[PDB]
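What follows is a single chain, given as C-alpha cells, in the form deposited in one PDB entry.
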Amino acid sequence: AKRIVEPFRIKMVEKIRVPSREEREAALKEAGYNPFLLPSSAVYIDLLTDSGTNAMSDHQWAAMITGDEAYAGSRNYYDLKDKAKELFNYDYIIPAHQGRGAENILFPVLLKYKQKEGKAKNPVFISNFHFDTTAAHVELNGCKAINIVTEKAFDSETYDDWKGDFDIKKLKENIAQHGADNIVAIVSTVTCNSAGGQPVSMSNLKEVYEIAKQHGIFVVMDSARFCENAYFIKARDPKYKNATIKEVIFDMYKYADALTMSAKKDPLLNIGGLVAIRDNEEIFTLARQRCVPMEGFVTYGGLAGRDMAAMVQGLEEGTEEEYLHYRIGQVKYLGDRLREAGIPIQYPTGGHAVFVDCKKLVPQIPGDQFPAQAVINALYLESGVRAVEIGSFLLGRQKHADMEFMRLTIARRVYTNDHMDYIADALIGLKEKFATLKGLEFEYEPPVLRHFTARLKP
C-alpha cells in the first residue's frame, strides 16, 4: 500500500477518544446493536458516512464569517450562481439545504413537466443506480426507480475502469419497454455511490445523453461526488490524462440538462445542496415555485448565507487535483491494506469509501441473522469504529440480498493514514473471532427504514 501525504497541514483539531470496551459494550447494549442509534460520544473513528463531516479550510471559514445573511439577494447567492456557470456552464441555480432537498425541489417538477399533454401515465426514472434518497423521492412521486448499472459492478474482486457505467443495452431496452413518453428523466449518478463509488466514464455519460436527447428524455446529473468522478476520468481515460479537472467537469456536464448536488460531499461542506439547470427557463421557474414552500426563498434555499459562502469556496477546493489525488489515494490505501491481508473488497476502490464484500469472514451467520452487522458490531466492540451496513439489514422487506457489503466511508481531510492503519488493523485482527460470531435478531423492528431505528439482539 502507498501512503500519500496531505497537500495541506492541520490548522484546527477536534479531540476524539476510544471508549473502553466496558463503556463501549454497555453503549452497544443501549444502542440495540444498531450503529445508527449510537451517539457520537460512543464512537472513536466514525465511518458511517462521508456526508457533512468534512473538514473545511481556513478560506472556507473566512468566507462563512463574511457571509451575507440577507433574506433576498445575498451577495453569496450571486457568487454561487457565477460559480455554477463557471464549473458546469449552467445558467440557473436554486440552492437547497442539502442533497435530498434538491431532489425534493426538482423531481416533482420534472414529473409535472413530463405529464403535460397527458403523457407519462406510467412514469419512471432510469439511473445507473439511484441513491436511497433519490429513489425515495422517485417513488414518493408515484414513479418507479429503475437501476441499470453495468454487470461489471457485480464482479467485486475483478478490476474494471468504469464500474459505475450505465448498461447501455438495458437503457435502450427500458426506453423501448416503457416508452420515451413515460421516462421522466435519466439520473446519471457520479460517482455511482451504490455501486461502490465507482466512476462513470466520459463516453458512457456521452452515449447516455445522446440516447436520451434523441428520445427527448431529460437528464439529471446526481453530482454529490462529481469531482471524484472527474478525477477517475482523468486517471483512466487517455483522452483526458492531459486535461485539468475543471476541463473534465465542463465536458461531463455537456451530458446532462440539470444537476442535483449534495454539497456535503465533494464541495467539502457540513451542510448544503444545489439545483442547477443548463438552459430550461420553464423548468427553472417551476422548480423555484416548489423551492419557496419546501426550502426557503429562492436566493438562499434553506441555507444560511455563510453556508452559500462556504459552498462557493468549497466548490473550488474540491476540483483541485492535488487534493483529489490525496483523497482518493487515502481511500485506495485503506483498501490495499485490507486486500493485501486477504479481505475481499470491491476492487478497485471508489472515490469515497472502501466496500468490504459479502461476509466470507462469518460463514455461520446467514442473511437474516445480519452477518455484515455482526462484523460491524465486533468491529465496533473491538476498536470503536462505526461503519455502515449495506446488506440484509439495509435492504429490508426479505428482498434478495445479492451483496453483504460493509461500507467504510471516509470523510474528506479529517483522518490521517495512521487512522486508516488503525481501521485496517482492527478489521484484520477480527480474523481471530470471525468464526465464533453470533447472529442477531429483531428485538424491536420498525415498519420501515429499520436500519435507522431497529433494536437488534444477539
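For the two forms, the rigid core is made up of the largest set of C-alpha atoms that agree within 1.5 Å on superposition. One rule holds for the numbers: they count along the sequence shown, beginning at 1.
- The entry shows an unbroken chain from residue 431 to residue 432, with no unmodelled residues of the deposited sequence in between.
- For the two regions 383-391 and 214-222, the entry's Cα B-factors average higher over 383-391.
- Stretches compared: 6-14, 431-439. Higher mean C-alpha B-factor in the entry: 431-439.
- Among 354, 171, 378, 310, the highest C-alpha B-factor in the deposited entry belongs to 378.
- Per the PDB record, 30 has a higher Cα B-factor than any other of 418, 58, 30, 46.
- The deposited CA B-factor of residue 233 belongs to the middle third of values across its chain.
- The entry lists a Cα temperature factor for residue 409 that places it in the middle third of the chain's modelled residues.
- Split the chain's modelled residues into thirds by C-alpha temperature factor. Residue 302 is in the lowest one.
- Ranked against the other modelled residues of its chain, the C-alpha B-factor of residue 295 as given in the entry falls in the lowest third.
- In this PDB entry, the Cα temperature factor of residue 103 sits in the bottom third of its chain's modelled residues, the lowest group.
Not pictured, yet referred to below: the form deposited in another entry.
- Among the residues 270, 369, 174, 133, the single one whose Cα moves by at least 2 Å between the shown form and the other one, once the core is superposed, is 369.
- For residue 359, a C-alpha deviation of 2 angstroms or more is recorded between the shown form and the other one after rigid-core alignment.
- Here residue 439 counts as shifted, since its C-alpha moves by at least 2 Å between the shown form and the other one after the core is aligned.
- Once the rigid core is used as the reference frame, the Cα position of residue 392 differs between the shown form and the other one by 2 Å or more.
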